[PDB]
DNA sequence: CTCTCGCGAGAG
DNA sequence: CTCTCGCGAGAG
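In our numbering, the protein residues as written are 19 to 135.
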């Protein structure tokens with residue numbers, strides 16, 4: 019939320035808009051790897067996921083924190099940052115963000131499916 | 001691996 | 001009953 023949280027990290031979203039920006043952990047070198055190879059909001063979303071949540075946090079959680087498996091909830095502020103970074107770099111819509119959330123939940127489901135094996 | 005379907009439980 | 005939502009899983 020404030021840059022003092024992560025010093026060597028970067029900003030998710032628009033740096034010059036204090037209301038639509040989140041400070042996160044990934045280093046400026048990884049943040050250029052993402053904005054270079056991820057040329058669609060769908061690929062950027064799931065690359066940001068791998069780089070913002072340790073995979074065994076992915077294998078134990080989902081977005082809302084509900085469900086029959088009783089998974090934990092992924093950080094609502096981190097998920098907000100992904101929402102700003104996709105809006106800022108791609109100008110996604112409310113329906114576009116809904117599809118993205120479905121992809122994120124499906125990615126975390128496969129991480130859960132793996133963990134059992 | 002991602003994408004996306006459809007099932008079935010619970011909220012409304 | 002309709003809708004929302006988590007889910008397993010197959011296909012690409």
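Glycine residues also receive a C-beta, built at the ideal position from the N, C-alpha and C atoms.
C-alpha distance - residue i paired with residue j, whole-angstrom precision
i: residue 114; j: residue 60; result: 9 Å
i: residue 7; j: residue 129; result: Since the first and last residues shown for the chain are 19 and 135, residue 7 lies out of range.
i: residue 117; j: residue 67; result: 15 Å
i: residue 19; j: residue 93; result: 12 Å
i: residue 104; j: residue 134; result: 32 Å
i: residue 127; j: residue 64; result: 13 Å
i: residue 36; j: residue 82; result: 26 Å
i: residue 24; j: residue 100; result: 16 Å
i: residue 90; j: residue 111; result: 27 Å
i: residue 125; j: residue 21; result: 29 Å
i: residue 73; j: residue 123; result: 13 Å
i: residue 26; j: residue 88; result: 34 Å
i: residue 52; j: residue 84; result: 30 Å
i: residue 34; j: residue 96; result: 18 Å
Distance between beta carbons of residue j and residue i, contact taken as under 8 Å
i: residue 70; j: residue 102; result: Actually they are not in contact, since the Cβ atoms of residue 70 and residue 102 sit about 13 Å apart, beyond 8 Å.
Buried or exposed by the 16-neighbour rule on C-beta atoms within 10 Å, applied to residue i
i: residue 109; result: exposed
i: residue 45; result: exposed
i: residue 76; result: buried
i: residue 80; result: buried
i: residue 28; result: buried
CB contact flag (residue i, residue j, <8 Å)
i: residue 39; j: residue 30; result: yes
i: residue 106; j: residue 32; result: yes
(message) Which complete alpha helix (DSSP H) runs does the segment 40-124 hold, if anything under 4 residues is left out?
(response) Secondary structure remark: continuous alpha helix (DSSP H) runs of at least 4 residues inside the segment 40-124, in chain order: 46-55, 59-70, 73-76, 94-108.
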